[PDB]
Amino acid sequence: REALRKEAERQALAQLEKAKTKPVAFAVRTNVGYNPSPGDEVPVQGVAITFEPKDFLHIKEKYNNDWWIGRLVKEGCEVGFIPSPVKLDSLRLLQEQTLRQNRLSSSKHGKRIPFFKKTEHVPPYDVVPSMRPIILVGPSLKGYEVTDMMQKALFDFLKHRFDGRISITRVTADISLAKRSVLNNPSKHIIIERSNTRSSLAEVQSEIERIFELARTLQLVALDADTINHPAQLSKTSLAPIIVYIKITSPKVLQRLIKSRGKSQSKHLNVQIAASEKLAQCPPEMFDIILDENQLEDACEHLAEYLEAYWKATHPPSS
């Protein structure tokens, strides 16, 4: 009875050991939190992973129908058992039923689903690249010289600073189109309209596949994505980028920089100033790192430090 179960718990603990050194099979970003409890029937008691909404998990293997093996992408965190989407759904359902059981008959009805309202189902996990692609936004719009040059200086810095550990590539499709819901069912989102779009969804899909593949061996991935000027353009995709905001805090400074480029750039001052203002209006949490340093070496050092910390989070020594 309890010897069979001491045993099958030894098989699972052996598989968990072995998983420390497997490659990352795939990564997810969660849409739900999970607090394990003993009744969850974790294959090794006490070794489920706790996580919150929007955490990142690297998955080594699917252990069985109910459990995966992997780790939170965070320094010090080691592999453990992670509930599969199936298991999370079964636990969620039990949690709703147990809520009804514990309810007080003195309670009144809940606030109603308002009639006819359409909701997209959100799965507990979204598959994301195993290394979050680094995308630069700011100080103003891409395709103008102040922004393009300042961004180029930073990727040039990264190319040498993380040589042997990084891929830097230009994205050839408008990746803002890669909405999780559109990519997951393209025929459900056909909209007949007149628009200035330049990429097909097939092209966008090939690009997303290429990005995932660059990240599979856990090298840093940086993208020159020229259509992406604002983090909201990617927040509904399953790219989960690291958004790096190059921030010129003083718009008077930006105006003078644009003017330094000559009349052919400063005739577009207004559009560039407006874009810079929009980034400055953004809640700071839509950025992963804000570089507001006025020296290139200083902005570089800050970004490199962040990326070294991200390297540590993605490459544990037990790997």
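We number the residues from 1 along the sequence you see.
**Request:** Take the C-alpha B-factors listed in the entry for 158 to 166 and for 94 to 102, compute each mean, and give the stretch with the larger one.
**Result:** Result: 94 to 102.
**Request:** Would you mind comparing 40 to 48 and 249 to 257 for me and telling me which has the higher average C-alpha temperature factor in the entry?
**Result:** 40 to 48 has the higher mean C-alpha B-factor.
**Request:** Quick one: which of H230, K142, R71, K188 shows the highest Cα temperature factor in the PDB entry?
**Result:** That would be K188, according to the entry.
**Message:** Maximum C-alpha temperature factor per the entry, among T147, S195, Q219, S130, belongs to which one?
**Reply:** So the option with the highest C-alpha B-factor is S195.
**Item:** Cα B factor band for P241 (lowest, middle or highest third within the chain)
**Value:** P241: CA B-factor falls in the lowest third of its chain.
**Prompt:** In terms of the CA temperature factor given in the entry, to which third of its chain does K117 belong: lowest, middle or highest?
**Reply:** Answer is highest: the recorded C-alpha B-factor places it there.
**Prompt:** Thinking about Cα B factors across the chain, which third does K111 belong to?
**Reply:** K111: CA B-factor falls in the highest third of its chain.
**Prompt:** Within this chain, which third does the Cα B-factor at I211 fall in: lowest, middle or highest?
**Reply:** Its C-alpha B-factor belongs to the lowest third of this chain's values.
**Item:** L136 - which third its CA temperature factor falls in, relative to the rest of the chain
**Value:** It falls in the bottom third of the chain.
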